[PDB]
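J.: Structure: model.cif, mmCIF, C-alpha atoms.
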data_start
#
loop_
_atom_site.group_PDB
_atom_site.id
_atom_site.type_symbol
_atom_site.label_atom_id
_atom_site.label_comp_id
_atom_site.auth_asym_id
_atom_site.auth_seq_id
_atom_site.Cartn_x
_atom_site.Cartn_y
_atom_site.Cartn_z
ATOM 1 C CA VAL A 1 0.000 0.000 0.000
ATOM 2 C CA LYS A 2 1.514 3.270 -1.040
ATOM 3 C CA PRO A 3 -0.134 6.718 -0.918
ATOM 4 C CA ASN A 4 -0.959 8.892 -3.924
ATOM 5 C CA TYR A 5 -0.657 12.419 -2.559
ATOM 6 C CA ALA A 6 -1.417 14.952 -5.284
ATOM 7 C CA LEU A 7 -1.131 18.735 -5.226
ATOM 8 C CA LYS A 8 -4.507 20.380 -4.740
ATOM 9 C CA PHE A 9 -3.744 23.957 -3.586
ATOM 10 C CA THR A 10 -0.842 26.410 -3.442
ATOM 11 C CA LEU A 11 -1.213 29.151 -0.825
ATOM 12 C CA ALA A 12 0.611 32.388 -1.616
ATOM 13 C CA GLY A 13 0.868 35.502 0.493
ATOM 14 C CA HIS A 14 3.897 35.314 2.766
ATOM 15 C CA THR A 15 6.529 37.826 1.643
ATOM 16 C CA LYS A 16 9.541 35.967 3.082
ATOM 17 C CA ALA A 17 10.241 32.285 3.783
ATOM 18 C CA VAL A 18 7.769 30.177 5.711
ATOM 19 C CA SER A 19 9.089 28.685 8.913
ATOM 20 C CA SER A 20 6.285 26.320 9.829
ATOM 21 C CA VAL A 21 2.718 25.128 9.159
ATOM 22 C CA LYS A 22 0.365 23.387 11.613
ATOM 23 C CA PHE A 23 -3.166 22.074 11.236
ATOM 24 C CA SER A 24 -5.618 23.034 13.973
ATOM 25 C CA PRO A 25 -6.694 20.001 16.066
ATOM 26 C CA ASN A 26 -10.303 20.378 14.895
ATOM 27 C CA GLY A 27 -9.031 20.009 11.294
ATOM 28 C CA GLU A 28 -10.536 23.266 10.058
ATOM 29 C CA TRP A 29 -7.481 25.477 9.724
ATOM 30 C CA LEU A 30 -3.863 25.623 8.755
ATOM 31 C CA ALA A 31 -1.692 28.149 10.586
ATOM 32 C CA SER A 32 1.530 29.336 8.949
ATOM 33 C CA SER A 33 4.397 31.371 10.395
ATOM 34 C CA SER A 34 6.994 33.197 8.361
ATOM 35 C CA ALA A 35 10.199 35.170 8.432
ATOM 36 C CA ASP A 36 7.982 38.055 7.291
ATOM 37 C CA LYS A 37 6.886 38.421 10.972
ATOM 38 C CA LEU A 38 3.318 37.278 10.229
ATOM 39 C CA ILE A 39 1.016 34.368 11.033
ATOM 40 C CA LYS A 40 -1.604 33.450 8.434
ATOM 41 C CA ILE A 41 -4.742 31.321 8.881
ATOM 42 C CA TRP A 42 -6.038 29.261 5.923
ATOM 43 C CA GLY A 43 -8.895 26.861 5.216
ATOM 44 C CA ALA A 44 -7.421 23.388 5.679
ATOM 45 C CA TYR A 45 -9.526 21.792 2.943
ATOM 46 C CA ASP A 46 -9.680 24.525 0.261
ATOM 47 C CA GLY A 47 -6.628 26.636 1.092
ATOM 48 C CA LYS A 48 -8.855 29.721 1.387
ATOM 49 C CA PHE A 49 -7.002 32.622 2.964
ATOM 50 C CA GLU A 50 -8.722 33.455 6.241
ATOM 51 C CA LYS A 51 -6.709 36.078 8.115
ATOM 52 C CA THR A 52 -3.338 37.627 8.936
ATOM 53 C CA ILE A 53 -2.136 37.869 12.550
ATOM 54 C CA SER A 54 0.604 40.404 13.307
ATOM 55 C CA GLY A 55 2.473 41.981 16.184
ATOM 56 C CA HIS A 56 5.864 40.293 16.428
ATOM 57 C CA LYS A 57 8.686 42.771 15.726
ATOM 58 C CA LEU A 58 10.973 40.204 14.029
ATOM 59 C CA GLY A 59 10.504 36.981 12.069
ATOM 60 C CA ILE A 60 8.780 33.883 13.458
ATOM 61 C CA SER A 61 10.340 30.398 13.504
ATOM 62 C CA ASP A 62 7.438 28.373 14.924
ATOM 63 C CA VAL A 63 3.711 28.411 15.716
ATOM 64 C CA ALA A 64 1.514 25.919 17.558
ATOM 65 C CA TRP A 65 -2.181 25.359 18.332
ATOM 66 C CA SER A 66 -3.920 24.785 21.633
ATOM 67 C CA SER A 67 -5.859 21.526 21.880
ATOM 68 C CA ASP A 68 -9.237 23.330 21.606
ATOM 69 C CA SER A 69 -8.106 25.089 18.370
ATOM 70 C CA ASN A 70 -8.804 28.504 19.960
ATOM 71 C CA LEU A 71 -5.291 29.819 20.725
ATOM 72 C CA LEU A 72 -1.928 30.006 18.982
ATOM 73 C CA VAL A 73 1.551 30.505 20.370
ATOM 74 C CA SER A 74 4.411 31.801 18.207
ATOM 75 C CA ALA A 75 8.204 31.900 18.726
ATOM 76 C CA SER A 76 10.064 34.854 17.235
ATOM 77 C CA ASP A 77 13.527 36.265 16.631
ATOM 78 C CA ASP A 78 12.371 39.172 18.800
ATOM 79 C CA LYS A 79 13.119 36.885 21.858
ATOM 80 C CA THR A 80 9.439 36.629 22.849
ATOM 81 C CA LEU A 81 6.636 34.190 22.393
ATOM 82 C CA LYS A 82 3.145 35.473 21.736
ATOM 83 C CA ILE A 83 -0.193 33.900 22.679
ATOM 84 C CA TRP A 84 -2.950 34.828 20.232
ATOM 85 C CA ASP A 85 -6.699 34.469 20.254
ATOM 86 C CA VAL A 86 -7.390 32.952 16.826
ATOM 87 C CA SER A 87 -10.949 34.259 16.386
ATOM 88 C CA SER A 88 -10.025 37.885 17.142
ATOM 89 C CA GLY A 89 -6.380 37.924 16.017
ATOM 90 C CA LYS A 90 -5.456 39.693 19.259
ATOM 91 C CA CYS A 91 -2.201 39.109 21.102
ATOM 92 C CA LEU A 92 -3.374 37.893 24.500
ATOM 93 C CA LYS A 93 0.047 37.569 26.115
ATOM 94 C CA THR A 94 3.702 38.249 25.312
ATOM 95 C CA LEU A 95 6.100 35.750 26.958
ATOM 96 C CA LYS A 96 9.376 37.436 27.885
ATOM 97 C CA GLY A 97 12.531 35.988 29.387
ATOM 98 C CA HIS A 98 14.531 34.281 26.645
ATOM 99 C CA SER A 99 17.757 36.190 25.910
ATOM 100 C CA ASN A 100 18.032 35.147 22.239
ATOM 101 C CA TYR A 101 15.840 33.961 19.357
ATOM 102 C CA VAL A 102 12.937 31.686 20.294
ATOM 103 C CA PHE A 103 13.004 28.744 17.897
ATOM 104 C CA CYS A 104 10.270 26.264 18.841
ATOM 105 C CA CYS A 105 7.107 26.145 20.962
ATOM 106 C CA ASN A 106 4.211 23.869 21.931
ATOM 107 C CA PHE A 107 1.185 23.667 24.226
ATOM 108 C CA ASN A 108 0.715 20.742 26.550
ATOM 109 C CA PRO A 109 -2.475 18.698 26.020
ATOM 110 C CA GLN A 110 -4.137 20.534 28.929
ATOM 111 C CA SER A 111 -3.193 23.803 27.173
ATOM 112 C CA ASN A 112 -2.314 25.513 30.465
ATOM 113 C CA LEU A 113 1.428 25.353 29.755
ATOM 114 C CA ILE A 114 3.660 26.357 26.895
ATOM 115 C CA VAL A 115 7.120 24.871 26.322
ATOM 116 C CA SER A 116 9.706 26.841 24.343
ATOM 117 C CA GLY A 117 13.288 26.420 23.209
ATOM 118 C CA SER A 118 15.679 29.170 22.273
ATOM 119 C CA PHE A 119 19.094 30.032 20.912
ATOM 120 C CA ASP A 120 19.898 30.929 24.518
ATOM 121 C CA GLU A 121 20.244 27.120 25.102
ATOM 122 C CA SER A 122 17.354 27.070 27.599
ATOM 123 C CA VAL A 123 13.941 25.445 27.616
ATOM 124 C CA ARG A 124 11.242 27.534 29.280
ATOM 125 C CA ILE A 125 7.884 26.472 30.705
ATOM 126 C CA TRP A 126 5.234 29.207 30.752
ATOM 127 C CA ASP A 127 1.822 29.585 32.373
ATOM 128 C CA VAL A 128 -0.751 30.196 29.624
ATOM 129 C CA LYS A 129 -3.234 32.146 31.770
ATOM 130 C CA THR A 130 -0.752 34.596 33.321
ATOM 131 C CA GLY A 131 1.951 34.527 30.662
ATOM 132 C CA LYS A 132 4.577 34.122 33.396
ATOM 133 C CA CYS A 133 7.638 31.897 33.108
ATOM 134 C CA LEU A 134 7.301 29.022 35.596
ATOM 135 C CA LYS A 135 10.603 27.268 34.865
ATOM 136 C CA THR A 136 13.860 27.803 32.997
ATOM 137 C CA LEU A 137 15.688 24.545 32.271
ATOM 138 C CA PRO A 138 19.439 24.763 31.433
ATOM 139 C CA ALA A 139 18.534 22.158 28.910
ATOM 140 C CA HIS A 140 21.382 22.101 26.386
ATOM 141 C CA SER A 141 24.784 23.544 25.448
ATOM 142 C CA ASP A 142 23.669 24.934 22.045
ATOM 143 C CA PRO A 143 20.436 26.272 20.472
ATOM 144 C CA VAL A 144 17.314 24.247 21.264
ATOM 145 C CA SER A 145 15.824 23.083 17.947
ATOM 146 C CA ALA A 146 12.566 21.460 19.149
ATOM 147 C CA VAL A 147 10.333 20.960 22.206
ATOM 148 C CA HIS A 148 7.270 18.713 22.518
ATOM 149 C CA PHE A 149 4.988 17.481 25.307
ATOM 150 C CA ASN A 150 4.003 13.820 25.468
ATOM 151 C CA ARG A 151 0.372 12.708 25.232
ATOM 152 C CA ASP A 152 -0.417 13.145 28.951
ATOM 153 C CA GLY A 153 1.794 16.225 29.484
ATOM 154 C CA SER A 154 3.988 14.626 32.188
ATOM 155 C CA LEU A 155 7.036 14.664 29.851
ATOM 156 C CA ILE A 156 8.814 17.106 27.532
ATOM 157 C CA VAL A 157 11.318 16.074 24.858
ATOM 158 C CA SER A 158 13.926 18.610 23.690
ATOM 159 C CA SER A 159 16.573 18.484 20.956
ATOM 160 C CA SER A 160 19.608 20.662 20.291
ATOM 161 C CA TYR A 161 22.514 21.406 18.013
ATOM 162 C CA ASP A 162 24.582 19.984 20.883
ATOM 163 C CA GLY A 163 23.703 16.510 19.536
ATOM 164 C CA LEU A 164 21.435 15.483 22.433
ATOM 165 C CA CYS A 165 17.797 14.627 22.933
ATOM 166 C CA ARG A 166 16.589 14.993 26.507
ATOM 167 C CA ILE A 167 13.448 13.836 28.306
ATOM 168 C CA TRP A 168 12.277 16.098 31.149
ATOM 169 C CA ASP A 169 9.767 15.600 33.919
ATOM 170 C CA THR A 170 7.286 18.437 33.397
ATOM 171 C CA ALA A 171 6.376 18.891 37.058
ATOM 172 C CA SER A 172 9.925 19.036 38.504
ATOM 173 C CA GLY A 173 11.949 20.251 35.536
ATOM 174 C CA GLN A 174 14.342 17.360 36.163
ATOM 175 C CA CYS A 175 16.083 15.468 33.370
ATOM 176 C CA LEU A 176 14.856 11.880 33.116
ATOM 177 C CA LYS A 177 16.929 10.795 30.136
ATOM 178 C CA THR A 178 19.700 11.906 27.781
ATOM 179 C CA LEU A 179 19.799 10.190 24.372
ATOM 180 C CA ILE A 180 23.192 10.339 22.645
ATOM 181 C CA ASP A 181 23.868 8.674 19.299
ATOM 182 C CA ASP A 182 27.035 7.909 17.335
ATOM 183 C CA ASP A 183 29.156 11.081 17.030
ATOM 184 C CA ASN A 184 26.302 13.332 18.219
ATOM 185 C CA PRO A 185 25.461 15.266 15.019
ATOM 186 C CA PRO A 186 23.248 18.316 15.606
ATOM 187 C CA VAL A 187 19.704 17.236 16.462
ATOM 188 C CA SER A 188 17.447 19.423 14.351
ATOM 189 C CA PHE A 189 13.976 18.153 15.337
ATOM 190 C CA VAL A 190 12.267 15.812 17.782
ATOM 191 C CA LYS A 191 8.735 14.858 18.801
ATOM 192 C CA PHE A 192 6.944 12.047 20.610
ATOM 193 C CA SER A 193 5.004 9.408 18.706
ATOM 194 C CA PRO A 194 1.205 9.577 19.084
ATOM 195 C CA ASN A 195 1.287 6.643 21.524
ATOM 196 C CA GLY A 196 4.017 8.329 23.607
ATOM 197 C CA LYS A 197 6.404 5.372 23.495
ATOM 198 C CA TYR A 198 8.801 6.669 20.818
ATOM 199 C CA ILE A 199 10.546 9.809 19.729
ATOM 200 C CA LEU A 200 11.237 10.678 16.095
ATOM 201 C CA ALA A 201 14.511 12.608 15.866
ATOM 202 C CA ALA A 202 16.088 14.372 12.887
ATOM 203 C CA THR A 203 19.859 14.882 12.686
ATOM 204 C CA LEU A 204 21.834 17.036 10.240
ATOM 205 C CA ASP A 205 23.471 13.958 8.772
ATOM 206 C CA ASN A 206 20.490 13.459 6.464
ATOM 207 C CA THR A 207 18.853 11.076 8.921
ATOM 208 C CA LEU A 208 15.599 10.498 10.824
ATOM 209 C CA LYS A 209 15.516 7.922 13.630
ATOM 210 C CA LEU A 210 12.679 6.325 15.586
ATOM 211 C CA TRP A 211 13.866 5.728 19.171
ATOM 212 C CA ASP A 212 12.450 3.823 22.071
ATOM 213 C CA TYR A 213 13.700 6.503 24.472
ATOM 214 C CA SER A 214 12.405 4.373 27.307
ATOM 215 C CA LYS A 215 15.255 1.704 26.486
ATOM 216 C CA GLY A 216 17.555 4.011 24.471
ATOM 217 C CA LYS A 217 17.248 1.839 21.338
ATOM 218 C CA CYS A 218 17.013 3.025 17.754
ATOM 219 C CA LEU A 219 14.139 1.064 16.187
ATOM 220 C CA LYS A 220 14.061 2.599 12.712
ATOM 221 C CA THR A 221 16.006 4.968 10.458
ATOM 222 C CA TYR A 222 14.630 6.989 7.530
ATOM 223 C CA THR A 223 17.136 8.224 4.935
ATOM 224 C CA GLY A 224 17.368 9.157 1.265
ATOM 225 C CA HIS A 225 16.316 12.786 1.759
ATOM 226 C CA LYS A 226 18.618 15.838 2.208
ATOM 227 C CA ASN A 227 18.838 17.435 5.658
ATOM 228 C CA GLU A 228 22.234 18.939 6.555
ATOM 229 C CA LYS A 229 21.428 22.606 7.188
ATOM 230 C CA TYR A 230 17.894 23.434 8.407
ATOM 231 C CA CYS A 231 15.651 22.323 11.263
ATOM 232 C CA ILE A 232 12.977 20.617 9.173
ATOM 233 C CA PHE A 233 9.799 19.315 10.828
ATOM 234 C CA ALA A 234 8.958 15.615 10.646
ATOM 235 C CA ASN A 235 5.611 13.952 11.308
ATOM 236 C CA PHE A 236 3.730 10.745 11.924
ATOM 237 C CA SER A 237 0.970 10.281 9.336
ATOM 238 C CA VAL A 238 -1.745 8.102 10.891
ATOM 239 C CA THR A 239 -5.015 8.846 9.053
ATOM 240 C CA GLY A 240 -4.381 6.199 6.391
ATOM 241 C CA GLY A 241 -1.225 4.136 6.073
ATOM 242 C CA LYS A 242 1.390 4.586 8.795
ATOM 243 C CA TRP A 243 3.906 6.956 7.236
ATOM 244 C CA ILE A 244 6.764 9.168 8.324
ATOM 245 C CA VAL A 245 6.604 12.582 6.591
ATOM 246 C CA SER A 246 9.396 15.150 6.225
ATOM 247 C CA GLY A 247 10.537 18.110 4.189
ATOM 248 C CA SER A 248 13.915 17.992 2.486
ATOM 249 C CA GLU A 249 16.613 20.333 1.221
ATOM 250 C CA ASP A 250 16.229 19.002 -2.332
ATOM 251 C CA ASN A 251 12.825 20.815 -2.411
ATOM 252 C CA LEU A 252 10.796 17.579 -2.055
ATOM 253 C CA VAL A 253 8.428 16.164 0.536
ATOM 254 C CA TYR A 254 9.480 12.623 1.492
ATOM 255 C CA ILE A 255 7.046 9.937 2.695
ATOM 256 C CA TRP A 256 8.377 6.659 4.163
ATOM 257 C CA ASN A 257 6.632 3.498 5.290
ATOM 258 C CA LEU A 258 7.050 3.617 9.075
ATOM 259 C CA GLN A 259 7.641 -0.119 9.487
ATOM 260 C CA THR A 260 9.699 -0.964 6.400
ATOM 261 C CA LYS A 261 11.515 2.431 6.155
ATOM 262 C CA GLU A 262 11.148 2.398 2.337
ATOM 263 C CA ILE A 263 10.322 5.678 0.651
ATOM 264 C CA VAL A 264 6.783 5.363 -0.666
ATOM 265 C CA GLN A 265 6.376 8.827 -2.203
ATOM 266 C CA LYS A 266 8.261 12.035 -3.058
ATOM 267 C CA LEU A 267 6.122 15.155 -3.584
ATOM 268 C CA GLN A 268 7.560 17.513 -6.214
ATOM 269 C CA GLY A 269 6.627 21.128 -6.853
ATOM 270 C CA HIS A 270 8.269 23.386 -4.284
ATOM 271 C CA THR A 271 11.149 25.517 -5.552
ATOM 272 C CA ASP A 272 13.119 25.779 -2.298
ATOM 273 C CA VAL A 273 13.877 23.822 0.867
ATOM 274 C CA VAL A 274 10.677 22.359 2.262
ATOM 275 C CA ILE A 275 11.252 23.625 5.795
ATOM 276 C CA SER A 276 7.985 22.377 7.239
ATOM 277 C CA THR A 277 5.353 19.666 6.844
ATOM 278 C CA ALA A 278 2.162 18.858 8.752
ATOM 279 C CA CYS A 279 -0.305 15.966 8.608
ATOM 280 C CA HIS A 280 -4.038 16.612 8.902
ATOM 281 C CA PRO A 281 -5.586 15.086 12.070
ATOM 282 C CA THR A 282 -8.461 13.252 10.280
ATOM 283 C CA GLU A 283 -7.975 13.368 6.495
ATOM 284 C CA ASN A 284 -5.075 12.198 4.310
ATOM 285 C CA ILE A 285 -3.860 15.753 3.729
ATOM 286 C CA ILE A 286 -0.289 17.028 3.960
ATOM 287 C CA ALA A 287 0.593 20.707 4.232
ATOM 288 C CA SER A 288 4.127 21.621 3.168
ATOM 289 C CA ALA A 289 5.992 24.928 3.141
ATOM 290 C CA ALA A 290 9.256 26.259 1.733
ATOM 291 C CA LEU A 291 11.963 28.913 2.121
ATOM 292 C CA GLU A 292 12.815 32.258 0.482
ATOM 293 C CA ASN A 293 12.843 31.288 -3.200
ATOM 294 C CA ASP A 294 9.341 29.757 -2.901
ATOM 295 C CA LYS A 295 7.424 31.283 0.081
ATOM 296 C CA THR A 296 4.312 29.185 -0.638
ATOM 297 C CA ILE A 297 2.351 26.525 1.246
ATOM 298 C CA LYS A 298 1.018 23.505 -0.635
ATOM 299 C CA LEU A 299 -1.854 21.186 0.324
ATOM 300 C CA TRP A 300 -1.635 17.605 -0.958
ATOM 301 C CA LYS A 301 -4.344 14.951 -0.696
ATOM 302 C CA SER A 302 -4.245 11.140 -0.884
ATOM 303 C CA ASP A 303 -6.746 8.256 -0.900
ATOM 304 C CA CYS A 304 -4.774 6.343 1.761
ATOM 305 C CA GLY B 1 14.389 36.868 8.698
ATOM 306 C CA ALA B 2 13.813 34.032 11.184
ATOM 307 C CA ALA B 3 16.311 31.703 12.869
ATOM 308 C CA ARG B 4 14.612 28.624 11.432
ATOM 309 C CA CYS B 5 14.938 29.985 7.874
ATOM 310 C CA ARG B 6 18.711 30.541 8.237
ATOM 311 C CA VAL B 7 21.612 28.102 8.478
ATOM 312 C CA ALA B 8 23.820 27.967 11.573
ATOM 313 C CA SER B 9 26.599 30.584 11.450
#
Would you write the structure of this file as structure tokens?
T.:
Amino acid sequence: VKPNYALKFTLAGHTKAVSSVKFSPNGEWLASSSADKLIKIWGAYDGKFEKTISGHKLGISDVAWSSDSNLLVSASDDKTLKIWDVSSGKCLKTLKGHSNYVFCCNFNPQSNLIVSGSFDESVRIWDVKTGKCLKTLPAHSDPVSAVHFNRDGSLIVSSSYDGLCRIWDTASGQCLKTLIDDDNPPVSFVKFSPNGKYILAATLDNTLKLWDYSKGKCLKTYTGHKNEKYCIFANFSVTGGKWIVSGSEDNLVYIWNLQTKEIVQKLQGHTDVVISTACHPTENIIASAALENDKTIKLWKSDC
Amino acid sequence: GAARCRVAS
């Protein structure tokens, strides 16, 4: 069984590179962030432009949805995060305390906490309601490329250019596990699997790895794509066949069979590094987005 | 720009 993703929509409007795209949990929307300092909201099924959200003073590297689809949080070169009400476009809170670019962000499933990672080598945990920083973890010795809560919120996984992935106890801020691998190439992305047992980690040696972090064992590797330079998002696709999905520096989207690790599809049509991909929560839809020479988002749809 | 859209310097 292989998918047949085909291009259905191209979404123009960002005036610099996109940094990331995320589907809302309720499946209705796609949020995009860009170096052009803006967030844009689009119809997930027809690509219809919905609105522009502004207020960051410098470009944005990441954006994430709350579990009820009502809020966004963004991470910006201006050293802040911003919490936005999606329906009104208003900035509800500005999260201050990082001393360098904020690179990555995420809500916990409860949506009362935000986790962020920054060039300042720290991971910060923020209270959504008050906007205050609850914890600063001296998480890494280089920029923090990704941060993600597990399915029950008790754990955070972080990755860094220092070559490490770390698992943290949310409540205490304490490090539960450090995953090191080979010669510790920069770790450019990480997230938990949907069941919470694995982490998918990208490294800048053109490699994705599925880890049982619980035992410290690499279960799968996904290769054949180009990833040496940028922190490119990877995903679990679970609505049809079980795929791994990633952008690539050869301007393609790659799709691998999760179990066999074979490439099952390469999506062509972007004209620059596909910095970000997202998988729709209920339909076989991929959103992909690219850097400066392209600046567009594409929506692709498959029968399986 | 944005950190994610740049390479490490």
J.: For residue A:106, find every residue with an atom within 7 Å (counting only C-alpha atoms), except residues of its own chain fewer than 5 positions away, and show them as a list in words.
T.: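 The filter keeps residues 64, 114, 115, 116, 147 and 148 of chain A.
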J.: So that I have them on file, write out the residues from the current selection with C-alpha atoms, as a compact mmCIF listing (two decimals), in the coordinates of the input.
T.:
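The file below, out.txt, is the result:
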# COMPACT_ATOMS: atom_id res chain seq x y z
CA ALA A 64 1.51 25.92 17.56
CA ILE A 114 3.66 26.36 26.90
CA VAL A 115 7.12 24.87 26.32
CA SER A 116 9.71 26.84 24.34
CA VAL A 147 10.33 20.96 22.21
CA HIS A 148 7.27 18.71 22.52
J.: For chain B, list the residues within 7 Å of chain A, counting all atoms listed in the file, and write the list as an MDAnalysis selection string.
T.: chainID B and resid 1:5 7
J.: Stretch 54-73 of chain A, all listed atoms, 5 Å padding on each side: what axis-aligned box centre and edge lengths in Å to one decimal come out, as JSON?
T.:
{"center_x": 0.9, "center_y": 32.1, "center_z": 17.0, "size_x": 30.2, "size_y": 31.2, "size_z": 19.8}
J.: Can you measure atom CA of residue A:173 to atom CA of residue A:120 for me? One decimal in Å is fine.
T.: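 Rounded to one decimal, the two atoms are 17.3 Å apart.
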J.: Could you list the residues chosen by the PyMOL selection byres ((chain A and resi 250) around 10) in this structure as a ChimeraX atom specification?
T.: /A:225-227,247-249,251-253,268,270-274
J.: In Å, how far is it from atom CA of residue A:127 to atom CA of residue A:107?
T.: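 For atom CA of residue A:127 relative to atom CA of residue A:107, the distance reads 10.1 Å.
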J.: Report as a PyMOL selection string the full result of the PyMOL selection byres ((chain A and resi 136) around 6) when it is applied to this structure.
T.: chain A and resi 123-124+135+137
J.: In Å to one decimal, how far is atom CA of residue A:109 from atom CA of residue A:122?
T.: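 Value for the atom CA of residue A:122-atom CA of residue A:109 distance: 21.6 Å.
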J.: Can you translate the PyMOL selection byres ((chain A and resi 258) around 8) into the concrete residues it hits in this file, as number ranges by chain?
T.: A: 220, 242-244, 256-257, 259-262
J.: Near stretch 48-50 of chain A, counting all atoms listed in the file, which residues have an atom at most 9 Å away, once you skip same-chain residues fewer than 2 positions from it, shown as an NGL selection string?
T.: :A and (11-13 or 29 or 40-46 or 52)
J.: For residue A:182, which of A:203, A:69, A:293, A:235 is the closest residue, counting only C-alpha atoms?
T.: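 Distance minimum relative to residue A:182 lands on A:203.
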